[PDB]
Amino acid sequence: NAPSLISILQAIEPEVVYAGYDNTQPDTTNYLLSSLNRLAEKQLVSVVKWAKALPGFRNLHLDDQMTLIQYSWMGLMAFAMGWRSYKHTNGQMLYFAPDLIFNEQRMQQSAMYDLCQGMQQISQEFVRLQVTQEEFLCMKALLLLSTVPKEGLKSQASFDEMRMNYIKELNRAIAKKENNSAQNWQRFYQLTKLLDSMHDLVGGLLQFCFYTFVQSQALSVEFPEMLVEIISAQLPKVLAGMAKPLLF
């Protein structure tokens, strides 16, 4: 038989981005958030590259490709970050990158404190659930495929199939470990529930994101160029209520 989606997914998994951050410079809500954004630009590149590698994704109309990316990019980055914070700090600290890890001081200095907390609860779940790589890779894959424009998609049928497949491979991945039916079931539930709770958080995140974006010169937070492009193109569709979370 052919190499599984997970085999491919483990292969196309992006390397960890460094922020470029200076940790000697003091913790100032403007410096922090500017720095975060630089990173989001660094990640956005790795994410899109990632999505192009992602089996079936190239087979969607370019309209859909860019839209999905436009909607899911925030959740993708927050989730991967939930994952990293789990592996590297076991949920205690927010591990944006090896050179830019938030602790308590910096979550406070962030002026997003309640959102940090939320992202943390996400990593803490990763921890509670002892999520595995393979569950993670498939979850993240589904996370992309979990916020679609309400007016439908060019490639609709092909997408629904992809979604199907990534649920199927999330199933292959929970099934490893044995347990049989019932345990599996609760698992599937918990994971997908974790996925579904993602939208919630992304909500607050986009919200504060836009907020910070509009008021950028007001707040002295430096959004880089690719970041300008993407947030901008996302913003009006999002407000319009074009984007609709797919749930379980």
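Don't overthink the numbering: it's just position in the shown sequence, from 1.
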161-169 set against 75-83, stretch whose average Cα temperature factor tops the other in the entry: 161-169
Stretch with the higher entry mean CA B-factor, where the candidates are 93-101 and 107-115: 107-115
Residue of maximum C-alpha B factor among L195, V47, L39, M66, per deposited coordinates: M66
C-alpha B-factor winner, where the candidates are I122, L142, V148, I174: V148
CA B-factor ranking of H61, expressed as a third of its chain: highest
CA B-factor ranking of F188, expressed as a third of its chain: lowest
Cα B factor band for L205 (lowest, middle or highest third within the chain): middle
For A243, the third of its chain into which the C-alpha B factor falls: highest
Third assignment of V17 from its chain's C-alpha B-factors: lowest
